[PDB]
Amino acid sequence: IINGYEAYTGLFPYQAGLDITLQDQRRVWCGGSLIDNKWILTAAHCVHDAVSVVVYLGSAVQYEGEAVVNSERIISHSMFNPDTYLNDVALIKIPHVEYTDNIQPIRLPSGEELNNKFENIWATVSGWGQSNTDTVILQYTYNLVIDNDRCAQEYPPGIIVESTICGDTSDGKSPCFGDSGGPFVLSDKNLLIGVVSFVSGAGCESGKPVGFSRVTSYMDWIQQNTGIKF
């Protein structure tokens, strides 16, 4: 997160830290959201070629956690398109983790929330991605959700689709590399509305909107693959 603020342990109890080992032996970092005792929701671009994932929960300090578990299964969206970031969502199954004061799930949309586009709403994004600073502490910032029409003109045709939700970064506060898969949340409602998916080709300090996977568009996929009815 560029120009973010430091979180303390317990502030974002649903935040997951993912230490990912790829098929090519590289080590990648991504964020994720705890949506159930046994499930983490993240971005497909983070784990589509992952071999294993160490999941950190319950701490603002990177590579630390009140619970540190290994992924049991990775379910990357089958129609994920690497070129357009279309369908950039994935589920990581983990051993049952008991909720505590620092480990709590984030709520997923249901009912009417499924038809809400959340335009012009301030949401909170958090992660351990690149920042102007040198810190291992979880950072966060607020981004205003903009309408898809305005967002679509900031990217090449075809990138911004119905299943995309964008956050404005015109104030210089923005998710950056390493924040991928992280939660975009309506704090008031403890509701997950997006998953950090992509930053503009212009970079994190371009003032361009950041793209997120619109959670309401993937609720069927989530329920079907987790078997959980949210």
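One rule holds for the numbers: they count along the sequence shown, beginning at 1.
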Next on the checklist: Test of understanding: from the entry's C-alpha B-factors, which stretch has the higher mean, 21 to 29 or 217 to 225?
Outcome noted: 217 to 225
Item to check | 41 to 49 set against 181 to 189, stretch whose average Cα temperature factor tops the other in the entry | outcome: 181 to 189
Next on the checklist: By the CA temperature factor listed in this entry, which of these ranks top: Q130, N116, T124, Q139?
Outcome noted: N116
Checklist outcome for this item: Max C-alpha B-factor within the set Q62, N70, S174, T164 falls on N70
Checklist outcome for this item: For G194, the third of its chain by CA B-factor is the lowest
Next on the checklist: Quick check on the deposited entry: does the C-alpha B-factor of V97 sit in the lowest, middle or highest third of its chain?
Outcome noted: highest
Checklist entry - Going by the entry, which third of its chain does the Cα temperature factor of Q15 land in? => result lowest
Checklist entry - In terms of the CA temperature factor given in the entry, to which third of its chain does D147 belong: lowest, middle or highest? => result middle
Item to check | Record-listed C-alpha B factor of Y5: chain third | outcome: lowest
